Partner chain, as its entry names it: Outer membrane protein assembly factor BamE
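Okay, here we've got a single chain as structure tokens, the form deposited without the partner chain, with questions on binding and movement later.
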């Protein structure tokens, strides 16, 4: 009785009985996969797979929802969930890169979403993680004297993760790599960047566009 099965699944989700809720929701999605309530069932299944730590199933279900309903009113929430799932898969920064992309795509689509604030919080951690990885790579390239690869990695950190501890730590690798190449205009630029990067991070959550 699909309406009572649905009400039942909703209670199971509220109890945190992920396994039973997944069962009943999958059977509904089997039976009416393009029914009037199918997007509802799929959103709840996304959630239940995530909470049950079925992360590959959550990820696949998110991708299918986005493909099939690219303009849905709850897309903001589906991309929040895609960030959470990829972030859980991270705990080889592939999953962290996917989460950064998800959440940054969320913040630049729905700057007014209820999930805004938590996505921005998670982005601080992600940017820290990804910049640390890129710093390790820049160091390795330094060890090799691969000065052009050093400059490429650091400028990517400065472009994408400008306010992180790792980009701070990596700027002198970049100034060095240019100097090693006798590239004075470039090296002096980095020296400028370093002198000016305050630990004071700027806030613009109170600005609306």
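Residue numbers count along the first chain shown, from 1.
> Going by the PDB record, how many residues of the deposited sequence fall between residue 91 and residue 92 without any coordinates: none, 1 to 3, 4 to 9, or 10 or more?
Per the record, 10 or more deposited residues are absent between residue 91 and residue 92.
> Per the entry, where is the mean C-alpha temperature factor higher: 179-187 or 36-44?
Stretch with the higher mean C-alpha B-factor: 179-187.
> Would you tell me which stretch averages the higher CA B-factor in the PDB entry, 165-173 or 48-56?
Going by the record's values, the stretch with the higher mean is 165-173.
> Split the chain's modelled residues into thirds by Cα B-factor; is residue 115 in the lowest, middle or highest one?
Highest third - that is where residue 115 ends up once the chain's C-alpha B-factors are sorted.
> Considering every modelled residue of the chain and its Cα B-factor in the PDB entry, is residue 82 in the lowest, middle or highest third?
Lowest third.
> What third of the chain, by the recorded C-alpha B-factor, contains residue 197?
Top third by C-alpha B-factor.
> For the chain shown, is the CA B-factor of residue 160 in the lowest, middle or highest third of its modelled residues?
As the PDB entry reports it, the C-alpha B-factor of residue 160 lands in the highest third of its chain.
> Mind checking which third residue 67 falls in for C-alpha B-factor across the chain?
Middle third.
Just so you know, the form deposited with the partner chain bound exists too; it's not on screen, but the next bit is about it.
> Is it true that 60, 66 and 69 each have at least one non-hydrogen atom within 4.5 Å of the partner chain in the deposited complex?
No, the candidate spot makes no contact with the partner chain.
> Can you tell me whether residue 152 touches the partner chain? I mean in the deposited complex, with a 4.5 angstroms heavy atom cut-off.
Looking in the deposited complex, residue contacts with the partner chain include residue 152, since a heavy atom lies within 4.5 Å.
> Since only the chain is shown here, I'm wondering whether residue 173 would be in contact with the partner chain in the deposited complex (any heavy atom pair within 4.5 Å).
So residue 173 does not count as contacting the partner chain.
> Check residue 190 for me: does it contact the partner chain in the deposited complex (non-hydrogen atoms, 4.5 angstroms)?
Heavy-atom contact with the partner chain at 4.5 Å: present for residue 190.
> In the deposited complex, is there a heavy atom of the partner chain that lies within 4.5 Å of any heavy atom of residue 186, even though the partner is absent here?
Yes - in the deposited complex, heavy atoms of residue 186 and the partner chain come within 4.5 Å of each other.
> Which residues from 38-62 come close to the partner chain in the deposited complex, meaning a heavy atom within 4.5 Å?
The stretch does not touch the partner at all.
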